[PDB]
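Student: Got a sequence here, can you model it:
(chains A and B)
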Amino acid sequence: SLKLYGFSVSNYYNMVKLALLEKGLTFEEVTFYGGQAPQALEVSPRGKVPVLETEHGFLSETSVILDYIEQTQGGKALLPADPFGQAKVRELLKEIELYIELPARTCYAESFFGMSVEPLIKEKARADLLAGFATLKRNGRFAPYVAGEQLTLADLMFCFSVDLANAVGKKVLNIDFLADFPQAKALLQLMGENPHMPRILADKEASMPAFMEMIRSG
Amino acid sequence: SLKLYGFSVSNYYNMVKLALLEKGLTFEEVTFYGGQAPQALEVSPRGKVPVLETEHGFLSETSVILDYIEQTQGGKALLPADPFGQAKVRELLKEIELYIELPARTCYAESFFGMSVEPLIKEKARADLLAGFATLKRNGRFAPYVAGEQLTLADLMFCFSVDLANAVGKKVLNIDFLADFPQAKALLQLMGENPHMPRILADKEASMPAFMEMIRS
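Tutor: Numbers count the residues shown, from 1 in each chain, chains lettered A, B, ... in the order given. Now the structure:
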């Protein structure tokens, strides 16, 4: 009875999708690309993807959605038992989002759509990513997972942000962030071996041509 | 036994300060400006303010700190009891943070420190802010509070973000965002009358010369 609005090329969508799959929860996928059309803003108020549809209405923002899922749904816990530990997962998830994912996102135009980004935007992304990766190294436990010895929400934000950020690094900035961050390199391969990953990546590939056609027309 | 690390000119610090005061919680303030010095990064890993020191260690990020306080501390609830309602408060808080506070912050250099910002940065902030305010208008309930009829965490992010964003709008962009947002103008005046606001403001004024001095060197 949960519905997830988004598209399988979206990293933030894939984070929720993995959480639902990891938890063995039933959900229906609805193709939805967000954006600024008036009808789209009625579902997602800033036009972001994904959106969770519940009996009570829509929730947007991956971080918010994941917290609602933990609280309300059955299946494998994706948080530690203790309050401080939960806040530490959430601190790490937030850091990856604001200090790795968002700055990398400023360069997705160039890295994925072959459209060069302003030099001022590149400079800022390089400084922001260097700091974001430094923050993750300093604050992350990587034991092997981000926050410690168990898979948590922060590993979802890690595994679908750090891949894209490293692509931006190599293609746009001439920096391999993971070359000198072996903790992170090892976790990324580990998350790559999650039993639900083949389905996520298969759906992504299957969805890619429509996504690109949507881009091409708009 | 809780300690709050930060400085009274910081809007993120003041949000957590107001939460602690409103819940009647005991806390010590510790002057801390974050930043990129090695000893500061040992406290706050990205160098942001504020940081809460607990029995178990440090927590950074206002949104994270507020949630931790709500989960562990006594006093007046700043969230509704139901999980969907709580998520909606957090959605509203996140939206104010990401789509109003952060784009405004890109122009603080100009609005507050008299250092003119690049045209690219200015125009991006204008577009982000118009979109952030539109998002707040469409998603917020303002009944009279952001999320409905009771004060919640989202009102903390609202009252310490929208003020500075409107200052940015007027000074840097020649846009008065609140001029066509009567719900938000009324709520900002209401939050202004909170009995802890005089203390917050007076502490801010008292702390400004040391803050600016830290900046000059």
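Student: what's around residue A:72, how many residues?
Tutor: Using other CB atoms under 10 Å in any protein chain shown, residue A:72 has 14 neighbouring residues. Using the backbone N, CA and C atoms, a C-beta is placed for each residue, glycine as well.
Student: Not counting sequence-adjacent ones, nearest residue to it?
Tutor: residue B:83 (5.2 Å; CB to CB, 6 or more residues apart in numbering or on different chains).
Student: show me the contacts for the one you found.
Tutor: A:68, A:71-72 (CB atoms under 8 Å, 6 or more residues apart in numbering or on different chains).
Student: Mind putting the residues you listed into CSV with secondary structure?
Tutor: Listed next are the contacts of residue B:83 as CSV, based on DSSP: H, G, I helix; E, B strand; the rest coil:
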residue, secondary structure
A:68, helix
A:71, helix
A:72, helix
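Student: For chain A, just list every one of the helices.
Tutor: Along chain A, counting by DSSP state H, helices occupy A:11-22, A:38-41, A:62-72, A:83-96, A:102-105, A:108-113, A:119-139, A:153-168, A:182-192, A:197-217.
Student: Dump the fifth one to PDB, keeping only the CA atoms.
Tutor: Included here for helix A:102-105 are C-alpha records, laid out as PDB according to Å, rounded to 0.1, in the frame of the first residue of the first chain:
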ATOM      1  CA  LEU A 102      24.800  18.300  -3.300                       C
ATOM      2  CA  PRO A 103      28.200  19.700  -4.400                       C
ATOM      3  CA  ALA A 104      28.700  16.800  -6.800                       C
ATOM      4  CA  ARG A 105      25.200  17.400  -8.100                       C
END
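Student: Can you pull the domain assignment for chain A?
Tutor: The record's domain parsing of chain A by curated CATH domains lists A:1-79, A:80-218.
Student: Run the chain-centre distance for the last one.
Tutor: With CA atoms, centre = their mean, to the nearest Å as the basis, the distance from the averaged C-alpha position of domain A:80-218 to the chain average is 7 Å.
Student: what's the answer for the first one, then?
Tutor: Going by CA atoms, centre = their mean, the spacing between the C-alpha centre of domain A:1-79 and its chain's C-alpha centre is 12 Å.
Student: Now the terminal residues of that domain, how far apart.
Tutor: 23 Å (CA to CA, to the nearest Å).
Student: next one: stretch A:22-39
Tutor: End-to-end for stretch A:22-39, by CA to CA: 32 Å.
Student: try stretch A:106-120
Tutor: First-to-last residue span, stretch A:106-120, CA to CA: 11 Å.
Student: Repeat that for stretch A:49-59.
Tutor: 10 Å.
Student: what do you get for stretch A:175-184?
Tutor: 15 Å.
Student: Then stretch A:1-11?
Tutor: 23 Å.
Student: Next: stretch A:106-119.
Tutor: Terminal residues of stretch A:106-119 are spaced 11 Å apart (CA to CA).
Student: and what of stretch A:95-106?
Tutor: So stretch A:95-106: terminal residues 16 Å apart, CA to CA.
Student: Over to stretch A:173-189?
Tutor: Criterion CA to CA; first-to-last residue distance in stretch A:173-189 is 23 Å.
Student: do the same with stretch A:31-43
Tutor: The separation between the terminal residues of stretch A:31-43, taken as CA to CA, is 12 Å.
Student: swap in stretch A:45-59?
Tutor: From start residue to end residue, stretch A:45-59 stretches across 10 Å - CA to CA.
Student: same thing with stretch A:166-185?
Tutor: Distance between the two ends of stretch A:166-185: 10 Å, counting by CA to CA.
Student: Likewise for stretch A:4-12?
Tutor: Rule used - CA to CA; the end-to-end distance of stretch A:4-12 is 11 Å.
Student: Next: stretch A:141-157.
Tutor: In stretch A:141-157, first residue to last residue: 15 Å (CA to CA).
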